[PDB]
Amino acid sequence: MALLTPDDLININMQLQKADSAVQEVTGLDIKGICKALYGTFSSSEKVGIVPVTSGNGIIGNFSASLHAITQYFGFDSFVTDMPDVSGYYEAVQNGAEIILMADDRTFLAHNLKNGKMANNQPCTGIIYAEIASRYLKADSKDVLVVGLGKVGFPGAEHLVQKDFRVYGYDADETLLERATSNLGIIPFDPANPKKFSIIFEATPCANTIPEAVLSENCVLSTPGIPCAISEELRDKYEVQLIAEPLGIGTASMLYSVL
Ligand SMILES: NC(=O)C1=CN([C@@H]2O[C@H](COP(=O)(O)OP(=O)(O)OC[C@H]3O[C@@H](n4cnc5c(N)ncnc54)[C@H](O)[C@@H]3O)[C@@H](O)[C@H]2O)C=CC1
Ligand SMILES: N[C@@H](CCCCNC(=O)[C@H]1CCC=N1)C(=O)O
Ligand SMILES: [Mg+2]
Ligand code: NA
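With this note's numbering applied, the sequence shown covers 6 to 264.
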C-alpha cells in the first residue's frame, strides 16, 4: 500500500495542465480525447459529489480540493461535502449529486447513481496510462514494456493485450509476474537480457525501476507510479517523453467510464 501525500498534490491545476500538454504531444489527443476513445463519452456538467473519508489513515490534505479542481477542469459540476463519511454521503445525495466520488485507503470509486455504473481507480488508472502509452504517434513499434504488475499494472497490461499489442512484463515479485503471464499471456521480461522499447508503462511505488538498457531516444514513459520511475539524468539523456501525474488522469478515466 502506497497512498498520496499532500505534497504530491501541490498546484494540481498546473500538474494537470502539464500532463494534458504531454498527452497531446505524445498521442495527438488531449485527456478528454483519450477518454472519448476509451469510453465514447463526453462530459455534460453532470453533478459530482466529493465526499471526504476519515477511514484508516484518514483525510489526506489537498485530496478533496484536488478532486474538486480535477472535476471542474473536465467540465463537471462538482462540489465537496462539509461532512465526511456517511453523513457526507447523505449530504451529497441530498444536494443532487449524480456521481459520488470518494476514497478510503483501499478503494477510490466513482458511482453514477443515474445509470448504476461504478468505477474503481486502480483498473481505470492502469487502462488510461496504458492507452496513452500505446497511442504514442512516433512509436514505430507495437512492443510495450510493462514494469509493475499489481493493482494498477495488471489491468494496464490486460488492456494492452486486448488492444493487440506485444506486451512484455516485469515485476520484482516473482508470483505477480507468473500470475500475469499465466492469466494474460504476456511475455516475461528478463532484465539480464534487455531490449530497447519506444513504449513503456510503469506502475510501481519505487524510483529507478526503468534500467538504462531498456530506453530508446524519445521513448514514451507513461507512469502513475510515485515517485518517478526514472531519474532526471536518464530522462534528460534519452529525451524521454514523460506522462506522470498524481491523481487527475486516473480520476478522468473513472468519471468518463461511468458516463
Ligand atoms: N498517479 C495516479 O493517478 C495513481 C497512482 N497510484 C500509485 O501507483 C503506484 C502503483 O499502485 P498499485 O498498482 O496499486 O501498487 P501495487 O503494490 O498493487 O503494485 C506495485 C507493483 O510493483 C512491483 N514493483 C516494486 N518495485 C519494482 C521494481 N523495481 N521492478 C519491477 N516491479 C516492482 C511490486 O512488486 C508490486 O507488484 C503506487 O505508487 C500508487 O501510489 C495509484 C493509483 C492512481
Ligand atoms: N480518505 C481520504 C483519501 C484516501 C485516498 C488514498 N488513495 C490513494 O492515495 C490512491 C488515489 C490515487 C493514488 N493512490 C480522503 O478522503 O481524504
Ligand atoms: Mg493520474
Ligand atoms: Na515509480
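Note that CB positions come from ideal geometry on N, CA and C, so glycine has one too.
As summarised for the region 144-220, the continuous beta strand (DSSP E) elements at least 3 residues long and confined to that stretch are 148-152, 171-175, 202-207, given in chain order.
In its chain, beyond the 5 residues on either side, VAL31, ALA138, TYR141, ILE204, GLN246 have a beta carbon closer than 6 Å to the beta carbon of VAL225. In this structure, the CA atom of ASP145 is about 12 Å from the CA atom of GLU222. Not one heavy atom of ligand 1 is found less than 8 Å from the C-beta of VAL166. Contact between the region 119-129 and the region 256-263 is present, with at least three C-beta pairs closer than 8 Å. The straight-line gap separating the alpha-carbon atoms of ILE36 and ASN198 is approximately 35 Å. By the CB criterion at 9 Å, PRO210 and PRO196 fall outside the cutoff. Contact check for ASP13 and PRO251: beta-carbon distance about 5 Å, within the 8 Å limit, so the pair qualifies.
Taking a cut-off of 8 Å for Cβ pairs, the region 87-105 and the region 57-72 touch, as three or more such pairs fall below it. The alpha carbon of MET6 has as its nearest neighbour, out of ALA208, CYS233, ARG240, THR228, the alpha carbon of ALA208. The residues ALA257, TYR261, in chain order, have a CB closer than 6 Å to that of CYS40 in the same chain once the five nearest residues on each side in sequence are set aside. Per DSSP, the unbroken alpha helix (DSSP H) holding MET259 starts and ends at 253-262. Taking a cut-off of 8 Å on C-beta distances, the region 105-112 does not touch the region 168-188, as fewer than three cross pairs fall below it. Residue burial annotation: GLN167 is exposed, with fewer than 16 other C-beta atoms found within 10 angstroms of its C-beta.
Assignment of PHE47 by DSSP, reduced to helix, strand and coil, places it in the coil class. Counting along the chain, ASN125 sits inside the beta strand (DSSP E) bounded by residues 123-125. Taking 8 Å as the cut-off, the C-beta of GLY158 does not count as close to any heavy atom of ligand 4. The Cβ atoms of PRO128 and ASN67 do not sit closer than 9 Å to each other. Secondary structure note for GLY61: it is in no alpha helix (DSSP H), with a DSSP letter that is neither H nor E. If you ignore the 5 residues before and after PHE194, its C-beta comes within less than 7 Å of the C-beta of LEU150, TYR173, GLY174, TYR175, all in its own chain and listed in chain order. In the structure shown, the three-state DSSP call for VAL98 is helix.
Distances taken from the Cβ of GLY230 to the heavy atoms of ligand 4 include one shorter than 8 Å. The three-state reading of DSSP puts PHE113 in strand, counting E and B together. Note that the region 45-57 does not touch the region 155-163; fewer than 3 beta-carbon pairs, one per stretch, sit closer than 8 Å. Take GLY33, set aside five residues on each side of it, and the residues of its chain with a beta-carbon closer than 8 Å to its own are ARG140, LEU142, in chain order. DSSP places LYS52 within a strand segment (E or B) once states are collapsed to three.
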